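Chemist: Structure: upload.txt, compact mmCIF, C-alpha atoms and all ligand atoms.
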```
# COMPACT_ATOMS: atom_id res chain seq x y z
CA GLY A 1 -42.86 57.41 19.01
CA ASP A 2 -43.75 60.94 17.90
CA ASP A 3 -41.88 62.38 20.86
CA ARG A 4 -38.70 60.51 20.06
CA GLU A 5 -39.19 62.13 16.64
CA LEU A 6 -39.83 65.62 18.13
CA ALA A 7 -36.68 64.99 20.23
CA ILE A 8 -34.50 64.19 17.19
CA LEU A 9 -35.93 67.37 15.63
CA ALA A 10 -35.29 69.54 18.75
CA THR A 11 -31.77 68.09 19.04
CA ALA A 12 -31.00 68.84 15.37
CA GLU A 13 -32.35 72.46 15.79
CA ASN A 14 -30.29 72.91 18.96
CA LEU A 15 -27.07 71.54 17.39
CA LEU A 16 -27.48 73.51 14.16
CA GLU A 17 -27.19 76.64 16.38
CA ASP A 18 -23.52 75.76 17.02
CA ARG A 19 -22.30 74.05 13.83
CA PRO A 20 -23.34 73.08 10.28
CA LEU A 21 -25.04 69.80 9.20
CA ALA A 22 -21.64 68.64 7.90
CA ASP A 23 -20.31 68.86 11.48
CA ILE A 24 -23.27 66.92 12.96
CA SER A 25 -23.45 63.09 12.87
CA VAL A 26 -26.45 60.73 13.04
CA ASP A 27 -24.77 59.62 16.35
CA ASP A 28 -24.80 63.21 17.67
CA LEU A 29 -28.56 63.33 16.91
CA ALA A 30 -29.22 59.90 18.41
CA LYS A 31 -27.35 60.75 21.68
CA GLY A 32 -29.14 64.09 22.05
CA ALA A 33 -32.50 62.43 21.48
CA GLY A 34 -31.75 59.70 24.04
CA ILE A 35 -31.97 56.88 21.47
CA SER A 36 -29.55 54.52 19.76
CA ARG A 37 -28.31 55.04 16.19
CA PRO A 38 -30.40 52.19 14.68
CA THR A 39 -33.45 53.64 16.50
CA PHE A 40 -32.78 57.06 14.85
CA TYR A 41 -33.05 55.21 11.52
CA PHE A 42 -36.57 54.16 12.25
CA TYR A 43 -37.59 57.85 12.34
CA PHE A 44 -35.41 59.28 9.63
CA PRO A 45 -33.37 57.76 6.83
CA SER A 46 -30.64 60.40 7.26
CA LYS A 47 -29.49 63.65 8.94
CA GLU A 48 -30.34 65.39 5.66
CA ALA A 49 -33.94 64.09 6.08
CA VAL A 50 -33.98 65.65 9.58
CA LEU A 51 -33.09 69.12 8.13
CA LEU A 52 -35.77 68.74 5.43
CA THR A 53 -38.46 68.15 8.07
CA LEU A 54 -37.34 71.12 10.14
CA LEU A 55 -37.20 73.39 7.08
CA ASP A 56 -40.55 72.09 5.90
CA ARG A 57 -42.07 72.92 9.29
CA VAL A 58 -40.55 76.49 9.31
CA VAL A 59 -41.56 77.28 5.69
CA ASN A 60 -45.12 76.02 6.39
CA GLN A 61 -45.24 78.13 9.60
CA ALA A 62 -44.37 81.25 7.54
CA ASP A 63 -46.90 80.25 4.92
CA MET A 64 -49.75 79.64 7.41
CA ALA A 65 -48.99 82.98 9.08
CA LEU A 66 -49.17 84.68 5.69
CA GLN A 67 -52.52 82.90 4.97
CA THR A 68 -53.83 84.12 8.34
CA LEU A 69 -52.93 87.71 7.51
CA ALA A 70 -54.51 87.36 4.09
CA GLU A 71 -57.84 85.97 5.42
CA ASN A 72 -57.98 88.77 7.95
CA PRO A 73 -58.36 92.05 5.95
CA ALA A 74 -56.15 94.04 8.50
CA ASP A 75 -56.83 97.70 9.35
CA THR A 76 -54.15 100.25 8.42
CA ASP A 77 -52.35 102.05 5.54
CA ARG A 78 -50.60 100.44 2.55
CA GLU A 79 -47.11 100.84 4.02
CA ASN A 80 -48.15 99.09 7.20
CA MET A 81 -49.91 96.38 5.20
CA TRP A 82 -46.64 95.52 3.39
CA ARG A 83 -44.73 95.76 6.68
CA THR A 84 -47.02 93.18 8.31
CA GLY A 85 -46.44 90.73 5.45
CA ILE A 86 -42.67 91.12 5.42
CA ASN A 87 -42.75 90.80 9.23
CA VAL A 88 -44.10 87.24 8.89
CA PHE A 89 -40.81 86.23 7.32
CA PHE A 90 -38.67 88.45 9.58
CA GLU A 91 -40.21 86.88 12.70
CA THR A 92 -40.67 83.30 11.50
CA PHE A 93 -37.26 82.88 9.94
CA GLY A 94 -35.64 85.08 12.68
CA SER A 95 -37.06 82.59 15.26
CA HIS A 96 -35.39 79.76 13.33
CA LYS A 97 -32.15 81.24 11.98
CA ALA A 98 -30.10 78.06 12.23
CA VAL A 99 -32.59 75.84 10.39
CA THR A 100 -33.41 78.58 7.92
CA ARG A 101 -29.66 79.09 7.22
CA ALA A 102 -28.93 75.33 6.98
CA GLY A 103 -31.79 75.05 4.40
CA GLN A 104 -30.02 77.55 2.16
CA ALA A 105 -26.71 75.70 2.42
CA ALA A 106 -28.58 72.41 1.67
CA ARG A 107 -30.24 73.76 -1.53
CA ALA A 108 -27.01 73.04 -3.44
CA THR A 109 -26.71 69.40 -2.31
CA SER A 110 -30.29 68.28 -1.75
CA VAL A 111 -32.76 68.30 -4.64
CA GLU A 112 -35.65 67.86 -2.13
CA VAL A 113 -34.57 70.98 -0.18
CA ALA A 114 -34.12 72.91 -3.49
CA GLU A 115 -37.56 71.73 -4.62
CA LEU A 116 -39.21 72.59 -1.28
CA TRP A 117 -37.67 76.10 -1.27
CA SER A 118 -38.51 76.66 -4.94
CA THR A 119 -42.17 75.62 -4.33
CA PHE A 120 -42.70 78.11 -1.55
CA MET A 121 -40.85 80.89 -3.31
CA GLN A 122 -43.18 80.44 -6.28
CA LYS A 123 -46.26 80.54 -4.02
CA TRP A 124 -45.01 83.63 -2.19
CA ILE A 125 -44.12 85.45 -5.40
CA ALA A 126 -47.49 84.56 -6.99
CA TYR A 127 -49.36 85.90 -3.93
CA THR A 128 -47.18 89.08 -3.88
CA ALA A 129 -48.00 89.66 -7.58
CA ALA A 130 -51.76 89.10 -6.91
CA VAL A 131 -51.70 91.81 -4.22
CA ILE A 132 -49.73 94.23 -6.44
CA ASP A 133 -52.31 93.52 -9.21
CA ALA A 134 -55.19 94.14 -6.79
CA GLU A 135 -53.45 97.40 -5.74
CA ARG A 136 -53.16 98.25 -9.45
CA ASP A 137 -56.84 97.30 -10.12
CA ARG A 138 -58.13 99.71 -7.46
CA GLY A 139 -55.92 102.49 -8.86
CA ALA A 140 -53.71 102.58 -5.79
CA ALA A 141 -50.52 101.50 -7.61
CA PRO A 142 -49.30 102.46 -11.13
CA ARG A 143 -48.81 99.86 -13.89
CA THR A 144 -45.03 99.95 -14.20
CA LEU A 145 -43.09 96.64 -14.27
CA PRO A 146 -44.95 93.41 -14.85
CA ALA A 147 -46.30 92.52 -11.38
CA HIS A 148 -44.76 89.06 -11.41
CA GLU A 149 -41.25 90.26 -12.35
CA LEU A 150 -41.50 92.98 -9.68
CA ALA A 151 -42.68 90.41 -7.04
CA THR A 152 -39.80 88.03 -8.02
CA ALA A 153 -36.98 90.57 -7.46
CA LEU A 154 -38.54 91.90 -4.23
CA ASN A 155 -38.90 88.42 -2.69
CA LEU A 156 -35.35 87.54 -3.88
CA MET A 157 -34.03 90.76 -2.22
CA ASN A 158 -35.75 89.77 1.03
CA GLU A 159 -34.44 86.22 0.88
CA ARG A 160 -30.85 87.42 0.45
CA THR A 161 -31.02 90.45 2.77
CA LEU A 162 -32.73 88.73 5.72
CA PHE A 163 -30.29 85.84 5.24
CA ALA A 164 -27.29 88.23 5.33
CA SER A 165 -28.71 89.97 8.48
CA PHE A 166 -29.52 86.71 10.30
CA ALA A 167 -26.16 85.14 9.38
CA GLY A 168 -24.31 88.32 10.51
CA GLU A 169 -22.63 88.59 7.07
CA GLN A 170 -20.21 91.28 6.02
CA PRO A 171 -21.91 93.22 4.51
CA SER A 172 -25.40 93.16 5.97
CA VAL A 173 -28.07 95.54 7.28
CA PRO A 174 -28.28 95.38 11.10
CA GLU A 175 -31.15 93.07 12.05
CA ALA A 176 -32.72 95.96 14.05
CA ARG A 177 -32.80 98.03 10.79
CA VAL A 178 -33.60 95.42 8.12
CA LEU A 179 -37.42 95.36 8.41
CA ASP A 180 -37.65 99.15 7.82
CA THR A 181 -35.10 98.91 4.95
CA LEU A 182 -37.07 96.28 3.07
CA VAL A 183 -40.47 97.90 3.65
CA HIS A 184 -39.09 101.19 2.12
CA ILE A 185 -37.88 99.44 -1.04
CA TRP A 186 -41.14 97.44 -1.41
CA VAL A 187 -43.46 100.43 -0.92
CA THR A 188 -41.50 102.87 -3.13
CA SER A 189 -41.10 100.32 -5.94
CA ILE A 190 -44.70 99.10 -5.75
CA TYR A 191 -46.26 102.63 -5.56
CA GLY A 192 -43.57 104.68 -7.32
CA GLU A 193 -44.53 106.04 -10.71
CA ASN A 194 -40.80 106.87 -10.84
CA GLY B 1 5.04 79.94 -18.09
CA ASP B 2 2.27 82.54 -17.99
CA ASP B 3 0.54 80.86 -20.91
CA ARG B 4 0.50 77.48 -19.25
CA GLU B 5 -1.15 79.44 -16.41
CA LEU B 6 -3.64 81.18 -18.77
CA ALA B 7 -4.32 77.69 -20.19
CA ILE B 8 -5.12 76.17 -16.77
CA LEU B 9 -7.39 79.19 -16.23
CA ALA B 10 -9.13 78.86 -19.65
CA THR B 11 -9.54 75.11 -19.08
CA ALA B 12 -11.09 75.65 -15.63
CA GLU B 13 -13.50 78.33 -17.08
CA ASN B 14 -14.43 76.00 -19.94
CA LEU B 15 -15.03 72.98 -17.65
CA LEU B 16 -17.00 74.98 -15.07
CA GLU B 17 -19.52 75.60 -17.90
CA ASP B 18 -20.45 71.88 -17.80
CA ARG B 19 -20.01 70.82 -14.15
CA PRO B 20 -19.17 72.13 -10.66
CA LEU B 21 -15.68 72.40 -9.08
CA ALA B 22 -16.51 69.25 -7.07
CA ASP B 23 -16.82 67.35 -10.38
CA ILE B 24 -13.51 68.69 -11.76
CA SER B 25 -10.13 67.16 -10.78
CA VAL B 26 -6.62 68.66 -10.82
CA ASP B 27 -6.00 65.94 -13.50
CA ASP B 28 -8.90 67.25 -15.62
CA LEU B 29 -7.29 70.72 -15.45
CA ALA B 30 -3.79 69.41 -16.18
CA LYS B 31 -4.97 67.40 -19.25
CA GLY B 32 -6.94 70.35 -20.66
CA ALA B 33 -3.96 72.65 -20.19
CA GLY B 34 -1.60 70.17 -21.89
CA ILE B 35 0.58 69.72 -18.79
CA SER B 36 1.21 66.98 -16.24
CA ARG B 37 -0.36 66.99 -12.76
CA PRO B 38 2.91 67.89 -10.93
CA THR B 39 3.39 70.73 -13.45
CA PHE B 40 -0.13 72.07 -12.59
CA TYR B 41 1.13 72.27 -8.98
CA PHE B 42 3.85 74.67 -9.93
CA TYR B 43 1.17 77.17 -11.05
CA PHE B 44 -1.52 76.56 -8.46
CA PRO B 45 -1.59 74.79 -5.12
CA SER B 46 -5.12 73.50 -5.78
CA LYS B 47 -8.24 73.56 -8.00
CA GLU B 48 -9.80 75.85 -5.39
CA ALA B 49 -6.88 78.28 -5.99
CA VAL B 50 -7.71 78.18 -9.72
CA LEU B 51 -11.34 79.30 -9.03
CA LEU B 52 -10.10 82.09 -6.72
CA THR B 53 -7.92 83.52 -9.50
CA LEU B 54 -10.72 83.37 -12.04
CA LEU B 55 -13.19 85.00 -9.62
CA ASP B 56 -10.61 87.59 -8.65
CA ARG B 57 -10.11 88.47 -12.32
CA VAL B 58 -13.92 88.74 -12.97
CA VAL B 59 -14.63 90.82 -9.82
CA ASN B 60 -11.73 93.17 -10.70
CA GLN B 61 -13.03 93.45 -14.30
CA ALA B 62 -16.45 94.58 -12.94
CA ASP B 63 -14.73 96.94 -10.54
CA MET B 64 -12.47 98.54 -13.19
CA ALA B 65 -15.48 98.97 -15.49
CA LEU B 66 -17.34 100.68 -12.66
CA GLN B 67 -14.29 102.96 -12.02
CA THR B 68 -14.23 103.83 -15.74
CA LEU B 69 -17.89 104.85 -15.67
CA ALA B 70 -17.29 106.87 -12.51
CA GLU B 71 -14.30 108.81 -13.94
CA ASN B 72 -16.29 109.58 -17.05
CA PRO B 73 -19.22 111.84 -15.96
CA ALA B 74 -21.65 110.21 -18.57
CA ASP B 75 -24.36 112.23 -20.35
CA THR B 76 -27.99 111.27 -19.69
CA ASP B 77 -30.82 111.20 -17.09
CA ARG B 78 -30.70 109.67 -13.59
CA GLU B 79 -32.53 106.50 -14.60
CA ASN B 80 -30.07 105.86 -17.39
CA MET B 81 -27.15 106.65 -15.07
CA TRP B 82 -28.25 103.87 -12.66
CA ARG B 83 -28.92 101.54 -15.61
CA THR B 84 -25.34 101.99 -16.89
CA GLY B 85 -23.92 101.08 -13.48
CA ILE B 86 -26.09 98.00 -13.00
CA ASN B 87 -25.23 97.03 -16.61
CA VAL B 88 -21.55 96.68 -15.62
CA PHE B 89 -22.49 93.77 -13.41
CA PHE B 90 -25.13 92.37 -15.80
CA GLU B 91 -22.58 92.26 -18.65
CA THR B 92 -19.44 91.35 -16.71
CA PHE B 93 -20.95 88.60 -14.62
CA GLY B 94 -23.25 87.52 -17.56
CA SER B 95 -20.05 87.03 -19.64
CA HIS B 96 -18.68 84.79 -16.88
CA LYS B 97 -21.72 82.97 -15.47
CA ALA B 98 -19.92 79.72 -14.67
CA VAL B 99 -17.06 81.32 -12.73
CA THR B 100 -19.38 83.83 -11.12
CA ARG B 101 -21.74 80.99 -10.04
CA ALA B 102 -18.88 78.75 -8.81
CA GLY B 103 -17.62 81.70 -6.67
CA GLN B 104 -20.96 81.81 -4.85
CA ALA B 105 -20.92 78.07 -4.20
CA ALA B 106 -17.28 78.40 -2.96
CA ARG B 107 -18.10 81.19 -0.45
CA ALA B 108 -19.31 78.53 2.02
CA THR B 109 -16.15 76.38 1.84
CA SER B 110 -13.38 78.85 1.06
CA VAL B 111 -12.60 81.68 3.48
CA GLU B 112 -10.48 83.38 0.77
CA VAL B 113 -13.41 83.38 -1.70
CA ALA B 114 -15.76 84.63 1.09
CA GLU B 115 -13.24 87.35 1.97
CA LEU B 116 -12.71 88.36 -1.68
CA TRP B 117 -16.48 88.59 -2.30
CA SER B 118 -17.08 90.43 0.97
CA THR B 119 -14.33 92.99 0.11
CA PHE B 120 -15.83 93.89 -3.22
CA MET B 121 -19.37 93.95 -1.93
CA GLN B 122 -18.28 96.47 0.70
CA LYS B 123 -16.55 98.64 -1.94
CA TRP B 124 -19.56 98.50 -4.25
CA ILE B 125 -22.02 99.30 -1.46
CA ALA B 126 -19.85 102.19 -0.21
CA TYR B 127 -19.67 103.67 -3.74
CA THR B 128 -23.46 103.19 -4.23
CA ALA B 129 -24.09 105.04 -0.92
CA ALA B 130 -21.69 107.88 -1.96
CA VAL B 131 -23.68 108.39 -5.18
CA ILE B 132 -27.03 108.30 -3.34
CA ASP B 133 -25.56 110.87 -0.89
CA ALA B 134 -24.37 113.06 -3.77
CA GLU B 135 -27.87 112.76 -5.30
CA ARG B 136 -29.28 113.76 -1.90
CA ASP B 137 -26.76 116.68 -1.55
CA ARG B 138 -27.85 118.24 -4.86
CA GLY B 139 -31.52 117.89 -3.86
CA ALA B 140 -32.23 115.29 -6.51
CA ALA B 141 -33.10 112.49 -4.06
CA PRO B 142 -35.02 112.71 -0.73
CA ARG B 143 -33.40 111.78 2.60
CA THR B 144 -35.35 108.63 3.42
CA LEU B 145 -33.44 105.50 4.55
CA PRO B 146 -29.83 105.80 5.61
CA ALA B 147 -27.92 105.75 2.29
CA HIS B 148 -25.69 102.89 3.36
CA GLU B 149 -28.55 100.61 4.48
CA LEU B 150 -30.40 101.41 1.23
CA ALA B 151 -27.24 100.65 -0.87
CA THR B 152 -26.72 97.34 1.05
CA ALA B 153 -30.19 95.90 0.31
CA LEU B 154 -30.13 97.07 -3.33
CA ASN B 155 -26.74 95.47 -4.04
CA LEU B 156 -27.86 92.29 -2.18
CA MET B 157 -31.04 92.19 -4.35
CA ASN B 158 -28.89 92.47 -7.48
CA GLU B 159 -26.49 89.80 -6.31
CA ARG B 160 -29.31 87.33 -5.68
CA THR B 161 -31.53 88.27 -8.65
CA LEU B 162 -28.79 88.29 -11.31
CA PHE B 163 -27.54 85.01 -9.82
CA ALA B 164 -31.05 83.46 -10.06
CA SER B 165 -31.41 84.71 -13.70
CA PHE B 166 -27.95 83.53 -14.78
CA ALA B 167 -28.35 80.14 -13.05
CA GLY B 168 -31.83 79.70 -14.63
CA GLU B 169 -33.37 79.19 -11.15
CA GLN B 170 -37.01 78.54 -10.43
CA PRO B 171 -38.08 81.22 -9.68
CA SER B 172 -36.14 83.87 -11.57
CA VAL B 173 -36.70 86.92 -13.78
CA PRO B 174 -35.92 86.12 -17.44
CA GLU B 175 -32.41 87.35 -18.20
CA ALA B 176 -33.86 89.52 -21.04
CA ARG B 177 -36.07 91.28 -18.41
CA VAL B 178 -33.81 91.45 -15.33
CA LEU B 179 -31.87 94.65 -16.14
CA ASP B 180 -35.11 96.68 -16.50
CA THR B 181 -36.54 95.04 -13.33
CA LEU B 182 -33.58 96.02 -11.17
CA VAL B 183 -33.26 99.54 -12.61
CA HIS B 184 -36.98 100.18 -11.71
CA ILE B 185 -36.51 99.11 -8.09
CA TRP B 186 -33.26 101.11 -7.73
CA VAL B 187 -34.65 104.33 -9.23
CA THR B 188 -38.01 104.25 -7.41
CA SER B 189 -36.40 103.44 -4.05
CA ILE B 190 -33.58 105.96 -4.45
CA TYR B 191 -35.84 108.83 -5.70
CA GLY B 192 -39.17 107.84 -4.11
CA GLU B 193 -40.36 110.08 -1.31
CA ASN B 194 -42.90 107.26 -0.85
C1 LIG C 1 -31.70 82.68 6.57
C2 LIG C 1 -32.90 83.09 5.70
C3 LIG C 1 -33.63 84.22 6.11
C4 LIG C 1 -34.70 84.65 5.36
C5 LIG C 1 -35.06 84.00 4.18
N1 LIG C 1 -36.13 84.48 3.48
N2 LIG C 1 -36.64 83.93 2.47
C6 LIG C 1 -37.70 84.68 2.08
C7 LIG C 1 -38.62 84.60 1.03
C8 LIG C 1 -39.62 85.56 0.92
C9 LIG C 1 -39.70 86.64 1.82
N3 LIG C 1 -40.74 87.51 1.66
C10 LIG C 1 -40.99 88.61 2.39
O1 LIG C 1 -40.24 89.00 3.28
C11 LIG C 1 -42.24 89.46 2.08
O2 LIG C 1 -43.24 88.60 1.49
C12 LIG C 1 -44.55 89.00 1.31
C13 LIG C 1 -45.04 90.23 1.74
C14 LIG C 1 -46.38 90.60 1.51
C15 LIG C 1 -47.21 89.74 0.79
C16 LIG C 1 -46.70 88.50 0.34
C17 LIG C 1 -45.38 88.15 0.61
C18 LIG C 1 -44.81 86.81 0.11
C19 LIG C 1 -38.77 86.71 2.87
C20 LIG C 1 -37.77 85.72 2.99
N4 LIG C 1 -36.76 85.49 3.83
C21 LIG C 1 -34.32 82.87 3.76
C22 LIG C 1 -33.23 82.40 4.53
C1 LIG C 2 -23.94 84.50 -10.56
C2 LIG C 2 -23.85 85.92 -9.98
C3 LIG C 2 -24.41 86.96 -10.75
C4 LIG C 2 -24.37 88.26 -10.28
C5 LIG C 2 -23.80 88.56 -9.04
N1 LIG C 2 -23.79 89.86 -8.64
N2 LIG C 2 -23.22 90.30 -7.62
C6 LIG C 2 -23.41 91.64 -7.56
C7 LIG C 2 -23.04 92.65 -6.67
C8 LIG C 2 -23.40 93.97 -6.93
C9 LIG C 2 -24.16 94.30 -8.06
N3 LIG C 2 -24.43 95.62 -8.27
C10 LIG C 2 -25.16 96.15 -9.27
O1 LIG C 2 -25.74 95.47 -10.11
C11 LIG C 2 -25.33 97.69 -9.34
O2 LIG C 2 -24.19 98.31 -8.71
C12 LIG C 2 -23.93 99.66 -8.82
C13 LIG C 2 -24.69 100.53 -9.60
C14 LIG C 2 -24.40 101.90 -9.65
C15 LIG C 2 -23.35 102.41 -8.87
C16 LIG C 2 -22.59 101.53 -8.08
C17 LIG C 2 -22.89 100.17 -8.06
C18 LIG C 2 -22.09 99.20 -7.18
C19 LIG C 2 -24.53 93.28 -8.95
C20 LIG C 2 -24.14 91.95 -8.69
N4 LIG C 2 -24.31 90.77 -9.30
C21 LIG C 2 -23.24 87.52 -8.27
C22 LIG C 2 -23.25 86.19 -8.74
```
Translate the structure described by the file into structure tokens.
Modeler:
Amino acid sequence: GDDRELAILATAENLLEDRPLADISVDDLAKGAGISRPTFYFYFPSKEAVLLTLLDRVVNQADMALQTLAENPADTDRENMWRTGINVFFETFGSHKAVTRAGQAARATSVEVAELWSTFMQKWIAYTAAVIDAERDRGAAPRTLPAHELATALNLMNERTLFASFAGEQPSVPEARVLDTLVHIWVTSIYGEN
Amino acid sequence: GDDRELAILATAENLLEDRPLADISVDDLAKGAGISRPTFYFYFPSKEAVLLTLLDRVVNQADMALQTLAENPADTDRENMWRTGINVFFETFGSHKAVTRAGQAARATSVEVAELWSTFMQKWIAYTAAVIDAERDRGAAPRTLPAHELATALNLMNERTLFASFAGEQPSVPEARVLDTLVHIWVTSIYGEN
């Protein structure tokens, strides 16, 4: 039941490591999961619905990890505080590069994927802005850009830059250098008076 | 001859305003250009080759404008200097949103589009890094991140953030606010000691 479902999901994750969703059939997923094709269809209406589940699970994992960090004060300087938050995404999405990458490609063709991504990006930007505003309220950060516009561009930079690194794009920051790169830009732009 | 070609190109640009390349046929392009379908094929081998030409023209327009700025010293402060350079992209790509957007969608399916984009991104990042290094050499900017890794993330942020704004994505910075947003992040991260 649920473990034929977890098997379709594990199969899809495993196959997405080697080729795109376009190069994977429902039959590929069925065979890997040790089930027939009509049995696959009891669990998922399509291969696109398989990706959506996987992406949904990854995005919620990142989100829960961010909630956990938030509910636990966390004892260090401002630069390290930002580093820890960015690290959630670096580690969560870096542990699921194939799914995370397939989600981006699916955004153009799947309104549900686009909607799911858009929902979490809004949540993450809103929370980023709320922290910047808190930092501004305690007098730790100057009131420069609107917090929400600042949060939007910084989260969009991370989306694109971690994606480039994880996909091995030309150009891209080496994955062993990208965390430090993003933390620098976030801290100087959030605390920089100019 | 060349003006049947400019007509196929103008037609493609005009139609890409209303729908994606997937929703446009060679016949659509032929009819708009006032030529038959086999005549289209004398000018371009495909509709994908039409997009490549358009994108190539836009990317070279941005590049030439950046070269022009570079060869002309340009008389103002550092913040305004960065603003002028970012403005090249804001204005060039903002004057060609449909082509510029279709190029991004094509990167996944067209190795020539991916290669063209990748080439210019490398050039633009290299030039960004050379300016940061010059700024560092005159003692105007601190030696923080490697200049090339800094330039990479900043150009990737602009790519993604101007794209989001021009495509009206949720989320996105309003197009009337995005220039100021990006200039802030570039100037604070390039000049910020922390
Ligand atoms: C292949 C791929 C790789 C990475 C992404 N991606 N999408 C992202 C969206 C937001 C994001 N955000 C961050 O890294 C930092 O977010 C923080 C930090 C501190 C407090 C709050 C937040 C949201 C990283 C992201 N990375 C998307 C696709
Ligand atoms: C739809 C769409 C919209 C915009 C882009 N895009 N791609 C970009 C790549 C680089 C880029 N760069 C900049 O804005 C700033 O670049 C500077 C500034 C000063 C000196 C040198 C450079 C390269 C903007 C870009 N915008 C791509 C697609």
Chemist: I need the chain B residues near chain A as a PyMOL selection string; criterion: at most 7 Å, counting all atoms listed in the file.
Modeler: chain B and resi 118+121-122+145+149-150+152-153+156-157+160-161+170-173+181+185+187-189+192+194
Chemist: Enumerate as a PyMOL selection string the residues within 6 Å of ligand LIG 2 (chain C), counting all atoms listed in the file.
Modeler: chain B and resi 82+85-86+89+93+97+100-101+124-125+127-128+155+158-159+162-163+166
Chemist: Between CA of residue 15 (chain B) and CA of residue 107 (chain B), what distance in Å does the model show, to one decimal?
Modeler: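 Taking CA of residue 15 (chain B) and CA of residue 107 (chain B), their separation equals 19.3 Å.
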Chemist: Within 8 Å of residue 179 (chain B), counting only C-alpha atoms, which residues qualify if same-chain residues fewer than 5 places away don't, as JSON, numbers by chain?
Modeler: {"B": [83, 86, 87, 90]}
Chemist: Got time to write the residues from that selection, C-alpha atoms, as a short mmCIF file (atom, residue, chain, number, x, y, z; two decimals), in the frame of the given file?
Modeler:
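out-v5.cif, freshly written:
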```
data_model
loop_
_atom_site.label_atom_id
_atom_site.label_comp_id
_atom_site.auth_asym_id
_atom_site.auth_seq_id
_atom_site.Cartn_x
_atom_site.Cartn_y
_atom_site.Cartn_z
CA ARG B 83 -28.92 101.54 -15.61
CA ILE B 86 -26.09 98.00 -13.00
CA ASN B 87 -25.23 97.03 -16.61
CA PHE B 90 -25.13 92.37 -15.80
#
```
Chemist: Hey, which of A:30, A:126, A:116, A:106 ends up closest to residue 48 (chain A)? Count all atoms listed in the file.
Modeler: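 Smallest distance to residue 48 (chain A) is found for A:106.
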Chemist: Using the atoms already present, construct N, CA, C and O atoms for region 170-180 of chain B and hand them back as a PDB file, keeping the file's coordinate frame.
Modeler:
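The new file part.pdb reads:
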```pdb
ATOM      1  N   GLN B 170     -35.568  78.435 -10.548  1.00  0.00           N
ATOM      2  CA  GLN B 170     -37.010  78.540 -10.430  1.00  0.00           C
ATOM      3  C   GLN B 170     -37.301  78.910  -8.975  1.00  0.00           C
ATOM      4  O   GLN B 170     -37.093  78.073  -8.076  1.00  0.00           O
ATOM      5  N   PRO B 171     -37.735  80.169  -8.710  1.00  0.00           N
ATOM      6  CA  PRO B 171     -38.080  81.220  -9.680  1.00  0.00           C
ATOM      7  C   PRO B 171     -36.907  82.126 -10.065  1.00  0.00           C
ATOM      8  O   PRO B 171     -35.894  82.212  -9.357  1.00  0.00           O
ATOM      9  N   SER B 172     -37.076  82.845 -11.170  1.00  0.00           N
ATOM     10  CA  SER B 172     -36.140  83.870 -11.570  1.00  0.00           C
ATOM     11  C   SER B 172     -36.776  84.753 -12.622  1.00  0.00           C
ATOM     12  O   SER B 172     -37.620  84.297 -13.378  1.00  0.00           O
ATOM     13  N   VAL B 173     -36.333  85.999 -12.690  1.00  0.00           N
ATOM     14  CA  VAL B 173     -36.700  86.920 -13.780  1.00  0.00           C
ATOM     15  C   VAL B 173     -35.942  86.454 -15.031  1.00  0.00           C
ATOM     16  O   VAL B 173     -34.774  86.122 -14.936  1.00  0.00           O
ATOM     17  N   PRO B 174     -36.615  86.422 -16.206  1.00  0.00           N
ATOM     18  CA  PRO B 174     -35.920  86.120 -17.440  1.00  0.00           C
ATOM     19  C   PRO B 174     -34.730  87.081 -17.589  1.00  0.00           C
ATOM     20  O   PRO B 174     -34.852  88.290 -17.337  1.00  0.00           O
ATOM     21  N   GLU B 175     -33.597  86.547 -18.017  1.00  0.00           N
ATOM     22  CA  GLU B 175     -32.410  87.350 -18.200  1.00  0.00           C
ATOM     23  C   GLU B 175     -32.640  88.543 -19.145  1.00  0.00           C
ATOM     24  O   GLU B 175     -32.037  89.597 -18.956  1.00  0.00           O
ATOM     25  N   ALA B 176     -33.533  88.400 -20.128  1.00  0.00           N
ATOM     26  CA  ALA B 176     -33.860  89.520 -21.040  1.00  0.00           C
ATOM     27  C   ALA B 176     -34.735  90.578 -20.357  1.00  0.00           C
ATOM     28  O   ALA B 176     -34.960  91.646 -20.913  1.00  0.00           O
ATOM     29  N   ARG B 177     -35.230  90.297 -19.150  1.00  0.00           N
ATOM     30  CA  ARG B 177     -36.070  91.280 -18.410  1.00  0.00           C
ATOM     31  C   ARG B 177     -35.428  91.823 -17.102  1.00  0.00           C
ATOM     32  O   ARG B 177     -35.904  92.778 -16.500  1.00  0.00           O
ATOM     33  N   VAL B 178     -34.336  91.207 -16.674  1.00  0.00           N
ATOM     34  CA  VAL B 178     -33.810  91.450 -15.330  1.00  0.00           C
ATOM     35  C   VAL B 178     -33.132  92.834 -15.183  1.00  0.00           C
ATOM     36  O   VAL B 178     -33.233  93.462 -14.133  1.00  0.00           O
ATOM     37  N   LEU B 179     -32.488  93.334 -16.239  1.00  0.00           N
ATOM     38  CA  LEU B 179     -31.870  94.650 -16.140  1.00  0.00           C
ATOM     39  C   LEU B 179     -32.945  95.696 -15.840  1.00  0.00           C
ATOM     40  O   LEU B 179     -32.836  96.452 -14.851  1.00  0.00           O
ATOM     41  N   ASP B 180     -33.979  95.727 -16.667  1.00  0.00           N
ATOM     42  CA  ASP B 180     -35.110  96.680 -16.500  1.00  0.00           C
ATOM     43  C   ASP B 180     -35.785  96.565 -15.111  1.00  0.00           C
ATOM     44  O   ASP B 180     -36.214  97.569 -14.533  1.00  0.00           O
TER      45      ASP B 180
END
```
